[PDB]
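Below is one structure; the comments refer to it alone.
All Cβ positions, even for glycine, are placed from backbone atoms using ideal geometry, and neighbour counts span all protein chains on display. Just so it is clear, none of the values below were taken in a lab; they were calculated from the coordinates.
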Amino acid sequence: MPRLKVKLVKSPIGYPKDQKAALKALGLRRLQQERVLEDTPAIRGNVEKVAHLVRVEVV
Amino acid sequence: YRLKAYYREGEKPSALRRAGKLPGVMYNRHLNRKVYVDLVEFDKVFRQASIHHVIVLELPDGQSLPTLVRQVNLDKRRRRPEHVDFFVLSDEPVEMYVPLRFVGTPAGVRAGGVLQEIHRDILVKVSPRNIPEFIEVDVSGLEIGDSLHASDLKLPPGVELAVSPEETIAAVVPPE
Amino acid sequence: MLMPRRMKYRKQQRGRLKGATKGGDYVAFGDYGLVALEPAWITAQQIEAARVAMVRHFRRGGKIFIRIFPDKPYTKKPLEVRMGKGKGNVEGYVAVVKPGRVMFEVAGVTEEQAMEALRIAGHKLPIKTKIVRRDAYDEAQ
Amino acid sequence: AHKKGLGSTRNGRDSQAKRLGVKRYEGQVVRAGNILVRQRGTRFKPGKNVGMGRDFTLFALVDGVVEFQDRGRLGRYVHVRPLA
RNA sequence: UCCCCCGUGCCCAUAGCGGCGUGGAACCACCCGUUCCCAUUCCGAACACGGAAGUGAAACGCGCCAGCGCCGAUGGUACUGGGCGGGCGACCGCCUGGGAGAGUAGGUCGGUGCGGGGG
RNA sequence: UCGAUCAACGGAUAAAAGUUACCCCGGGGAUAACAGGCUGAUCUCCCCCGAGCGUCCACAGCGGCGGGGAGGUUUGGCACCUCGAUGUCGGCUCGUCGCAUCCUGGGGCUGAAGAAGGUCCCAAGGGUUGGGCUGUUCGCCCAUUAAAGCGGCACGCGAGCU
RNA sequence: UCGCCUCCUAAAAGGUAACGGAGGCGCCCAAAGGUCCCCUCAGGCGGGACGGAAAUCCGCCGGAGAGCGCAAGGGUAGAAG
RNA sequence: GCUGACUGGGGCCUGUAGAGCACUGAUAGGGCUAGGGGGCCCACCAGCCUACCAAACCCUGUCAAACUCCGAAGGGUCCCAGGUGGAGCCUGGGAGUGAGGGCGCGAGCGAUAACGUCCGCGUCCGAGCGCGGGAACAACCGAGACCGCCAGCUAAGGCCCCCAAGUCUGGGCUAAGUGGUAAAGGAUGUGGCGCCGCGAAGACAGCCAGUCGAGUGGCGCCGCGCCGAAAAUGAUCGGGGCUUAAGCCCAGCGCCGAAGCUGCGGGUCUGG
């Protein structure tokens, strides 16, 4: 699968718990953090949830 | 009565509306197509044609479909048409409304009263190749007391009364 | 003054005003409307006042159609009192009005008289109004 | 400092809430006994391996798996398809 | 495998109402009886028993019909998960996902499982 | 298996009401009265609509039914600083500010002949009295007056007095 | 006002406060209980001696609006009547 | 010892938003019309009429927390996947709390008042009155501060001077210092889109209508501004001062800018 590189670029301070949790699932933990992940729907499903905190990019 | 129609693919209706176009559809037992028309030109037409008179739609393949309107949905606020339903006719007999001619004026005048066009038009079964222009009434002795309802009409050839027919059509009633 | 003859319940909750009108939004009777441009509760006293002005204008003349009806009760605690101790007493009644509602309507009149009459009424109403005609308001086939 | 005088209401009651409802859903494994619905009528009618108590309560008669069923005018049935 | 009827389930009104035609050889009914079993707050009406002259009138089965009932898209709206804006407020607006209800076209005078009896 | 309006209904004793301005302690700005604050229903002022009033004639003077605001001086609503204290009416003395102006200066309409009014517009620079009655605020009254304005300053001002 | 039950408020699981809206309970039935077997409502339109506008009788039409001791809701005639 | 939050797919459960009028009520206009009022008019009891009150029924229009023929988005739950997280589950020792506050959204109360009051979901302050923005300012915007740096890149917000960075570019509006905070309502204030009147049947405005020789009027959409606008110590958009802007709308490029992120050194705790 064309893997995903997602990066946290906006602070989740003020946002809902589930969204803050969702970030953990992925494993984004600092800002500017970058991770490459599989393109599986469970991963995507979370990445849509936070779309607005993230720059998303394909690999 | 002709209108340049166009073919709508999947452009957000919003954007079409924004751009002075009027989204819509056309259908009959056989065809079903997303269309759009221009607003001000449609209105120019509809302002007269309405649902009483046929409109011929000119698509971008030169073809010219004979249609009736079946629906004008509109935005309550900014009371404008959001979307037009066009029914393309063929030959099978189709139901529609046909306008009336309120001749003269009623005799209920001394008590201040005023006419009520309860039915400007009536529902009728007709063939697409025998569509009448209008129907002719006879109002004159409509006083402050009595009225008229049912099949008291001058039904021409090609016509079938598709109402009750026992139902009130125009009654003169007291002033405010 | 202008109120129901019965109600299932005597007092009722205030609620809210989402947009639109739901219905009562097209002409239907007379040949000229007065339409709402903003939501509001309109009180019976206002409706009446407007209506009377309409008639007064084209004195005893044409016809009038009052298309909103005050079914909602309007509570208000006694004057000078503090909070609590149940809901207040019913003072009057309102008609909930939302943009694009055709509140009035007229028939058997000149456009000049009509135009004017309505305007007048629009003044008695605590909201902004517009005048209407009889366009593509003919939801038929 | 002139205090306005007030009344009373004759109203301020409701009952204890009673926790009604479906208690297991389609495809939950259940043991015999397990109550499946707490209801005030025949909102659900008892199906295969489903008993119903004096109070309309439906319950598994076997260790199985729950299936629901709408039969239009016949109503809604809860069954336990047994595994074994 | 193909008819028709008799049972008996499933789908849950597109199965229905109302109209109109049909069917008695076989089934089935209505029917003939009220001795016997069994019955009626009074009635052989119903239930039940013994029958087989008569009828398909009733009821049931099969066909046609859209007046009523039922079902019902597509399109477009409303509403809204989530993201963001305007207003002093009532409330309004843009994004991206979901998307009615009414209504228009249209459709419907049912479909099917097992077992029996008859061509 | 029985005896509970143990109903203040998870049920203090088997058994129980008042008063304190003669009052005390411990606390609270967790909670009222004064003041401020938020709010502005009420309150004061101004505006929109033009049924009608005004012999005639919607606005000289007026405005039904209704509609929209301003101000924050009323009575309140809320309980936010203050209960290890923010003295809490009115009077006097001392002022200073606002204009929605009671005189005085301009001015336009007038149902303005003159004189004198009415009404609105601009304008606080200066003025805005002495008494009787009540603690009074305010008010009514006497005699005057060009006039005898209405408010804010913790219902200005008690480490200034009463 | 103080416990208990029904409805709403309650934002389509559950739960959800206020001196919010609005009602009931502190009983009752030896048949109003167990089982077996039967039976089907309210209305409406005719028609019928005393007989109202429903006394009892007949005939059509009537899927449920009747009824189920009592408040409300749910349920229910393929019965809980 | 992988079972957690959260996520993907499947399956149930649901009666709100919206909508609807089939039930329960409310309701406008019309028709038809049981009763009743009342006129015609008599007791032989009938009978005719009613711009009166008024069931059902019909047509056309609506309303509802305690209405629903209908019904989303979402929510709850089980299964199967991902998910090693200062996740989860189990047994025990020690607590503090049991006084909340604001903001947004959804309801109630209230007056569609309150730094009001009561719940619900969320979030922050509380304990983040540490840091940047907002003139100043718990909870609005940005962002979670182990220590050090005379390094670098960004966030919100900014780039005429105070004050870091553009008196940057391209196109419009506006003439009120609007901007620099208010409504009904008024106006030949401006600008931009629309569509009709009707003009050598040459009056649109001006002197006898001829001359006059052309443009005239009327609506409808949209932007910016004007009056409506009066309170009490000295004023003011934070201040200077801004007018083809230093205002407003639309485009774009670059820079500035936090304790956010990088770089470099160090410390500590966990796991390997």
The Cα radius of gyration of the stretch B:99-166, divided by 2.2 N^0.38 Å with N its residue count, comes to 1.27
Ranked by GNM mean-square fluctuation in chain A (Cα springs under 10 Å), the top entry among A:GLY14, A:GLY45, A:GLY27 is A:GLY14
Relative contact order of chain D (C-alpha contacts under 8 Å, at least 6 apart) in percent is 27 percent
What the Cα atoms of the stretch C:29-137 span along the principal axes, largest first and in whole Å, is 54, 30, 19
Chain B: Kirkwood hydrodynamic radius (Cα pairs, Å) comes out at 18.5 Å
Mean Cβ-within-10 Å packing, highest first, puts peptides B:132-143, D:65-76 in the order B:132-143, D:65-76
A student applying the Cα gyration tensor rule (rounded when a/c is under 1.5; otherwise prolate if a/b is larger than b/c, oblate if not) would label the stretch C:1-71 oblate
On the formula 1/(1 + (r/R0)^6), with r taken between the Cβ atoms of B:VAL109 and C:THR75 and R0 of 45 Å, the FRET efficiency rounded to 0.05 is 0.40
The size of the Cβ-based charge dipole (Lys, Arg +1; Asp, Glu -1) of the stretch C:29-137 about the Cα centre, to the nearest 20 debye, is 400 debye
One finds the C-alpha centres of the stretch A:19-59 and the stretch C:44-60 to be spaced, in Å, by 65 Å
So, relative contact order of chain C in percent, Cα under 8 Å, 6 or more apart, is 41 percent
Quick calc, C:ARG14 & D:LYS3: beta-carbon distance into FRET formula, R0 25 Å, rounding 0.05, result 0.40
Given a Förster distance of 51 Å, the FRET efficiency implied by the Cβ-Cβ spacing of C:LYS87 and D:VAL29, rounded to the nearest 0.05, works out to 0.50
Once B:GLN71 and B:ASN32 are pulled to full extension, the length gained, defined as 0.36 nm per residue separation minus their Cα-Cα distance, is 12.5 nm
Given pairs B:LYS34/C:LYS128; A:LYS5/B:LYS12; C:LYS98/D:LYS18; B:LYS44/B:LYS125 and cut-off 29 Å on Cα-Cα distance, the over-length ones are B:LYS34/C:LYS128; A:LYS5/B:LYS12; C:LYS98/D:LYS18
For D:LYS3, counting only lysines whose alpha-carbon sits under 24 Å away and dropping same-chain residues fewer than eight positions off, the answer is C:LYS76, C:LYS77, C:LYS85, C:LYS87
One computes Rg over Rh for the protein assembly as shown from alpha-carbon atoms, with the Kirkwood Rh, and obtains 1.09
Cα-based Debye curve of chain A sampled at q = 0.13, 0.16 Å⁻¹ gives log₁₀ I(q)/I(0) of -0.27, -0.41
Expected vector for the stretch C:113-119, Karplus 3J(HN,Hα) from phi with 6.51, -1.76, 1.60 and θ = phi - 60°, integer Hz, x for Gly and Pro, equals 4, 5, 2, 6, 2, 3, 2
About its Cα centre, chain D carries a charge dipole, from +1 on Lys and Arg Cβ atoms and -1 on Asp and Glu Cβ atoms, whose size in debye to the nearest 20 is 540 debye
Expected integer from the mean partner chain Cβ neighbour count at 10 Å over C:97-107 is 2
So, relative contact order of the stretch A:1-41 in percent, Cα under 8 Å, 6 or more apart, is 63 percent
Per GNM of chain B with C-alpha springs under 10 angstrom, the most fluctuating residue out of B:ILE131, B:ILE118, B:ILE51 is B:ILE118
Of C:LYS72, C:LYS85, C:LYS130, the most mobile residue in a GNM of chain C (C-alpha springs, cutoff 10 Å) is C:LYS85
